[PDB]
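Structure, as structure tokens:
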Amino acid sequence: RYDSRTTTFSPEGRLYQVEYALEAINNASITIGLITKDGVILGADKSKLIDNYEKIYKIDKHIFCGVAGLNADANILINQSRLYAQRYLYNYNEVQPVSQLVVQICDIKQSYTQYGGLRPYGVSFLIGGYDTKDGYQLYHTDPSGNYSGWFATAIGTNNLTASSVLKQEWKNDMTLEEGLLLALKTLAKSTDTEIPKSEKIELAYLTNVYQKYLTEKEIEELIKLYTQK
Amino acid sequence: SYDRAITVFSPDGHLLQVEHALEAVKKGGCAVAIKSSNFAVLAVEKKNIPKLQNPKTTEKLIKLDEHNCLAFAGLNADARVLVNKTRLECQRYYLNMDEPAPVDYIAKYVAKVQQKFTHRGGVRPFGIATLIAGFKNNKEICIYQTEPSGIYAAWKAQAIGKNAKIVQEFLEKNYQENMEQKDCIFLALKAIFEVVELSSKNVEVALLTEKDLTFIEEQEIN
Amino acid sequence: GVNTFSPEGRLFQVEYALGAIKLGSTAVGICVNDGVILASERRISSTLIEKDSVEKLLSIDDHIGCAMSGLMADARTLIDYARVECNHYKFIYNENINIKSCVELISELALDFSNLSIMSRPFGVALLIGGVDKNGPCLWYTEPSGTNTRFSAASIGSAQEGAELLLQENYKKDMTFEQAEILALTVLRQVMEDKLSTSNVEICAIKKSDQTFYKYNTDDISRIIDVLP
Amino acid sequence: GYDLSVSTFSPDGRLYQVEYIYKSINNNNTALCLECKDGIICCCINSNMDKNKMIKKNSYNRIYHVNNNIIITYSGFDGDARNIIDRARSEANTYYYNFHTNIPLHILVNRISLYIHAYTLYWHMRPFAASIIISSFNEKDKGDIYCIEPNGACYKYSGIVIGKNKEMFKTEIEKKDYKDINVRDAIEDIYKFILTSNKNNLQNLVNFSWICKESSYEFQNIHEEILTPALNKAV
Amino acid sequence: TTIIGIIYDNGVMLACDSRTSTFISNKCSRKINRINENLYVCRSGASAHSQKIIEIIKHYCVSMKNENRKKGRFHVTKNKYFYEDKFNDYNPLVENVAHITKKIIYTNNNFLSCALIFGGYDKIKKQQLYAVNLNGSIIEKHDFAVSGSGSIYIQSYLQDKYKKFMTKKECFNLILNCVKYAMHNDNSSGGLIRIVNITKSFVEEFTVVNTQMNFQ
Amino acid sequence: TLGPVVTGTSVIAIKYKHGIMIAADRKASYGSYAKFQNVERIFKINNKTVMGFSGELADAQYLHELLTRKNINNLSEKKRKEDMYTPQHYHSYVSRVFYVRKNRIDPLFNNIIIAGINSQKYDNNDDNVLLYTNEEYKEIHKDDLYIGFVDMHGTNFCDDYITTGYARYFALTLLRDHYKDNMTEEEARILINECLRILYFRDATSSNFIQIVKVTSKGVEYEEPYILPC
Amino acid sequence: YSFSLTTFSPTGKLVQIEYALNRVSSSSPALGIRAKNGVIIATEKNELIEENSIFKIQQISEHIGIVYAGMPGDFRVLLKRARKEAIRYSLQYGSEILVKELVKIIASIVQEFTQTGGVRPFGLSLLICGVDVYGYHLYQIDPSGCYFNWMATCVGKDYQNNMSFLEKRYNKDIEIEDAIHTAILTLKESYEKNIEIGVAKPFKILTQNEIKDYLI
Amino acid sequence: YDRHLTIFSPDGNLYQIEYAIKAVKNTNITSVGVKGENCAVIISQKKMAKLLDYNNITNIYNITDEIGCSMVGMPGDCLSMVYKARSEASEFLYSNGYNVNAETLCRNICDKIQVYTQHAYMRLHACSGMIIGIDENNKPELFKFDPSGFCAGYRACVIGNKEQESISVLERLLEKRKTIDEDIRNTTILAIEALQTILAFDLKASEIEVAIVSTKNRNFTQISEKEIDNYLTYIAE
Amino acid sequence: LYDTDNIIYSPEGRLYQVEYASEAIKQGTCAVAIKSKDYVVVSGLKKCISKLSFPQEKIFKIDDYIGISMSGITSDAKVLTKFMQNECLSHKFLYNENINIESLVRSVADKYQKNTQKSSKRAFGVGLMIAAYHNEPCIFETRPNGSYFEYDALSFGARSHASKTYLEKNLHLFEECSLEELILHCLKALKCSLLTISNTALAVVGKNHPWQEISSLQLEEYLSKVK
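Residue numbers (the authors' numbering), protein chains in the order written: chain Q, 4 to 49, 53 to 57, 61 to 217, 222 to 242; chain R, 2 to 223; chain S, 11 to 127, 134 to 245; chain U, 7 to 203, 208 to 245; chain V, 1 to 21, 24 to 77, 111 to 251; chain b, 2 to 135, 149 to 244; chain P, 6 to 50, 54 to 199, 205 to 213, 217 to 232; chain O, 9 to 57, 65 to 193, 200 to 258; chain T, 5 to 198, 204 to 236.
Following this line, the structure appears as structure tokens:
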């Protein structure tokens, strides 16, 4: 009588828990990603006494992830993803391809929607990475274990406006700096602000592998550049 | 619901969870499978947002093992999990039997897995229907369709997913038994395109032969 | 719950399962001194199917056959369990299992969801299991309630009441095997809506002379149709 | 809506399921233990089985024993009571394995109370519907009688009645002190109490037993030549 | 090691040496351990096995003593201690503790090589001596118990000098002379003598320094 | 239990006119050390069944505790004197114990004799069984008397008279040479005492301090232990 | 039997976590201030209760301390768990657990109770202050299992006003004692026997005399 | 169904804890613990929560030789808590080789009560407890725990019906108070007077149970009815 | 709201699920058992669900001197029958004697009671009458609630009120009746509930007479004697 039946089908072939988790993520802060020739980009918008990346996390030397949704579930899944990457390296003596890690983490996501009586993870990921077989890859993963591959996408609040801006501006032959400027422009557009503030920005990029996590001053420099244009 | 029964009998005798898994299958994209003398053609619908989504990431036309291929309609994550289980069973058979898994054996294994998930406590039914094409031990080609309930049946030409009834009715009036590869592919395409918007980006068609499964280059689709 | 009694003393779940066996194609089983014959209709849903891939008559063992009604996915699981258990008996004892023993094994499996001493629900299947043992030919009926009843002649499926009425009317102990075939197909013709044809029905027989499961081909069915009134 | 599970406290701190168990026990057959001068007497009155004319005479017995020197009777369900008595015997067997002597009565009573109370803690177990009486009588220590409630409470009495009509039985029993009365004098008193709380079914609806000096302070059903004169005098 | 126990009217007396291990690892080891205020035990065999067995038995004895408590109210260097429990109400019986020890030793007698001598006093059987042997067989002695590699030499001696109802003084002399002879003859025993005297109301613990003089 | 440490020597049991008579010396040994000489090697199981053992003492005591629990359980579930377990029941139980331990290579290092009377038709002692406190003898047919031998491997059988340990050689010769049906108590004692004298003379582990137990129409009688006359 | 009692609401919220947040917000105030050379955690608390027995501020390890706002029993459980995890890290690596890693492990343990079946979330919020080779850290752990990195914060009743006070009085380059004075002022705005303070040397909890010395 | 399981409500409270506390209060049993300089005393009403054995009725239990408790609540829960405390004490003694003190015991008992408080499949014990002993520093202990799993040390505490009006009684008595034998006697007198005050009716020596732990005799022991009668007579003057 | 779960009590102190399991026993076919100083005779009505049907088995053999009849759910009856048969055989294997009948009935009652205390399980929905000869003809009845009784005569199933009344009228004859008259008494009781060789089952057990079903010719002549 106290059981909620989290792993049951709704009358429409829909899972109510998965839909509500999707809603919760849609109410999360916006995270974006796009592919350049130089590498992958992930942008994200974060009281004055807060000291501290809370949207972008490193999974492996060649994989990193932007988060949307519940932060604690995101931390659990990030830890488990790091575990999978390291176990792949342990088993095969080679780095794990990005798609394989995405499939493993999404399987863990989905088993919570098929097995047991627990709730799903209320988190969605933008997994960016580089491997030799498939070059640079960006993946979107939703709470139900479905995933998709993208050249540029957005998650979180107002993802439609960011998606429209990305589609209108994202080219194939854009360099790292142009990609970063586009990322800042999308972050500003989705906030409905003419200028993006340099305290609500989380930018990082992965290139061939090395990852840069931009400090506030480098963000300020990128803001100056974006403002000149 | 660790061990709580999810699928139960309704007062009328129905297993509502299976009808809901059927609804999940109905929500999915259309796929079509057509059998010929010694080859088959599988054409599935694809829908991606142009210029932003990588079109190579999603593969609903799945090779299972050396001789057997699969297509599905329904929930994608459930489809991936069931496909991985099926591949594991194909290799387990080929290890214990020393012979590749025949199409009928694989289809029966998928059907029994779906039935099991429909008949165990603490598990949700798979909301996916599959078309599995392959070759039997006598080297004869066969196409099987498995449903969420766990029921399976062999077909000459079958369509699954959204608007499957219309594609079935079309294929009934058009499937002229043995057909050449080119026009068999054309039939597999003009049947699926009766429901999906006419565009080379709204379909992927592959062909299974005794040698391997080959995806058709987009020039021919054009 | 699944294990809840009603105020009248009947389990709700098996009561609901009783409505499921009323669906599906109709089969008839006739037992005569020479053997047992099971003949089933096939409501072919479309012309694109391979008619012989759908099977309503199966061989639980060399000397046992079974006609199936209700949820076919459940029925296949029951028949597979019966086959495994019959072969286990054959290995342990080196003899063909008695038909009643096989039916009782099927029944004990069918009610395993109760957990009195693992399936999660009743099977929702009706089995018409015929065979030939040392006792001779015999024919049994098993239903989701777990109660198994021996029959001289019986019918199952959508047109169960009409087939049963006809079999009661036209069945007598002193009947030849050919008369058994003729009566089985007469009832089958009277019940099914699709006109009887050599491709519409399955006929399997286990004869006392050899006690072997024999599935009829097109020539035998055409013969019986040629002998029909 | 706080009385559907045993593991939910009502607003007033009460556990309704246990009160319902108490009503069930109050509606069931009568039982009593009485400590007399030279022994304890256990008597079970099966009043609600008068309608079953076809039951083997004197076959139904709610009086059991442990170690041959402990009387265990009950008022409640036969299944639950048999469960409790089996647990008591298992506890005694484990104790003798461990220490090579019979379990003390109070230790056994505490263990049985713990066993009962463990069933009022979870929402997936049915609590026992049976009040238990465990009694003993020794040459040196005289009598010791314990009543265990369905909730796990154990209390020590010089005389206890459980079941239906227990209040009238208590009033009639308290009317005189039985510490200075021998068991044989008490048999007639118990028969009179049963009659005033019929003449025909006394010999077939009542279980009698004692642990007294005449039985070497060990369990024993009361022989017929002892009961018949007393129930005759009562009538 | 030499452990002995004798029964005199009004009490029981345990005695032991203190040598441990051809190298004397511990020349003053405590073999008579105090399980309870009225119940002592002597160890012999493997020191680790016996020590762990004693720890387990102390745990069980604490459990038993606590569980025994009924509800409500009722009513030459020496160290003497009266019983806190004046009527043996909750003090576990000597037989109970000895038998649970036998059970523990027998269950694990594939590798537990421990020989014990339980001395004690309870109101049921007065003073008791029990011997728990190698494989876990318990024998209740009513005159005396001996164990250890050094107690073999005194057997006849003891059997000659024991009397049914010795007094405390002469029993003390007898047990002291037994232990002294055992240490004189046995190389694996020696050191200061530890004696415990258990009675109805109190327990005494004596320590004795020794020397074996004779003009045979 | 790798092997025997404290050992008990021979046990003899016979049927005589009035029931079962089982003799055993009251000695236990520690190798060649006669460490205990007042040990009780015959155990009363219930009013009509007694147990004698040879070999390890700890294993015999463990088995005695098992049988004591079984007897108490039986008394707890008993309602009439016919529900009491017979000596044959306890013999089968001990045989099953020894077999299951043989299959686990953890044997009890004992030879066991379970003796008693199988019938409730010769008395009424079990109508009111007394566990803590103790006419003429009724003639009992030799078929109503049970004597069962079990060894370490579980070899179980029954006979009119049984011996264990060194008795199986010395005492058994005299028993087979001289035993007769329907013996009086005097004759049974004479025969058993001759056997025990031979054992005392030729068995280094035997003692002349004897324990005689009788299982008869009046239950189990433990005799006064006595030193062997001469 | 094991199913989540914490479930997504139709709007996507976990109402049990929101309710635990409400409970923590209705709890006694606590706060932390990270100084340039140290970090402090302070908290606020009938003539009978012993003070020493109910200290909210506790020591996780020699350089790590913890305070809570919420349910005392949950805090005791989580404190024992945090001590266990710190000791496990010490066994693994031979050094004191780093503050951030302990915060992550405890955050995972807290999140587990928001998803596993048959358990309610922890009804507390934690402030963990520690020193490692990478400086001074002050972290807050929510009932949800999320951990924030702070320079200063307050986690109890009327914590909006206290957060505003700390914001209008916080400077990075502040001595330890300036921060301790600011903390006492903030607590007195929320409100020496009412004050408990811990400071980071190994983590130390100020004595009552020292606190009063600060109140001057 | 928010108030049925041990889960939070919209206000954040766990109402089942409040209900278990109400159940404890319902038992109408009062127990009072008082700490002295070198002694601690616990006094209870020795009443149930005619042919009944009145001696057997008690609310005081002995966890170990030197640690004792008074458990007030539903009798089954009280006995279960007593047995769990005794198991904790024996385990601590065996694992660590010395006898647990009252603080550690109360904290472990609360560590166990919290599992009930959090795991929704078990019910709360409607049992409150006082535990007293003598610390390794030869000072008395007095710790009180409730169904909520809250343990606190006290110099004087009360379990029963009257709180927030029985608190001021102890406050006044203790501030009035502020040889080892004289300390023990004065503590016992204070405890008996505190119970008599709280109950607001004249006590009878046979309906109350007093137990003490002291540095002179650390063993938690109960004092005979004659001494209690003497103390009552002295209070009367 | 109180009949929903197996482990819940009503305010009236009643288990409604167990009472429903017992109500499942009223719709079984009538069966009757009676005994004299040496024998027990069990007679039951076989259920027939169609003309082409073979009558349902009504009585089962548990051991040489033990048999049963059932009323209620048949799958639960088969489970209990297998339990009892394996119990008797395991007893005869471990020891070399037949099982005490009271012990077997008490173990079956334990099996009944266990199911009543757990939510995940439901009570056995069948009532069993057990007829045996263990030094004496004995009839036992088990119930879903885990309580069992011993009877001089017994009947249960549909319309056992007529069989009841007949047995209560004729109880004082059964003790001194001979085997043939005892059989005829049981058959007349069974007839009151309404017999052919097909729709009636009849078995006897007793002193030096292992449990044995009455043959077809014997049943025919006995039914003729009834007429």
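All C-beta atoms in this analysis are idealised placements derived from N, C-alpha and C, irrespective of residue type, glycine included.
Segment limits, beta strand (DSSP E) that includes residue i
i, result
"R/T131", "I129 to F136"
"Q/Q105", "Per DSSP, Q/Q105 belongs to no beta strand (DSSP E) and is neither H nor E."
"O/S235", "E230 to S235"
"b/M52", "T50 to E57"
Residue i: first and last residue of the uninterrupted alpha helix (DSSP H) it sits in
i, result
"V/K137", "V129 to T142"
Beta-carbon gap between residue i and residue j smaller than 8 Å
i, j, result
"T/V36", "T/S151", "no"
"P/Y144", "R/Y3", "no"
"P/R84", "O/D126", "yes"
"P/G37", "P/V44", "yes"
"V/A150", "V/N131", "no"
"U/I31", "U/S81", "yes"
Cβ of residue i within 8 Å of any chain U Cβ
i, result
"O/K30", "yes"
"O/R138", "yes"
"T/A25", "no"
Secondary structure of residue i, DSSP reduced to three states
i, result
"b/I15", "strand"
"R/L209", "strand"
Minimum Cβ-Cβ distance from residue i to chain T less than 8 Å
i, result
"S/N13", "yes"
"U/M60", "yes"
Any chain V beta carbon closer than 8 Å to residue i
i, result
"residue 145 of chain b", "The structure shown gives no position for residue 145 of chain b: in chain b, residue numbering passes from 135 to 149 with nothing in between."
Cutoff 6 Å; reference residue i; Cβ partners in own chain excluding five residues on either side
i, result
"Q/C74", "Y66, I68, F134 and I136"
"S/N43", "none"
Close Cβ partners of residue i (< 8 Å) along its chain, the five nearest in sequence each way excluded
i, result
"Q/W179", "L37, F160, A161 and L191"
Interface residues of chain A facing residue i [CB-CB closer than 9 Å]
i, result
"U/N108", "This model lacks chain A altogether, as its protein chains are Q, R, S, U, V, b, P, O and T."
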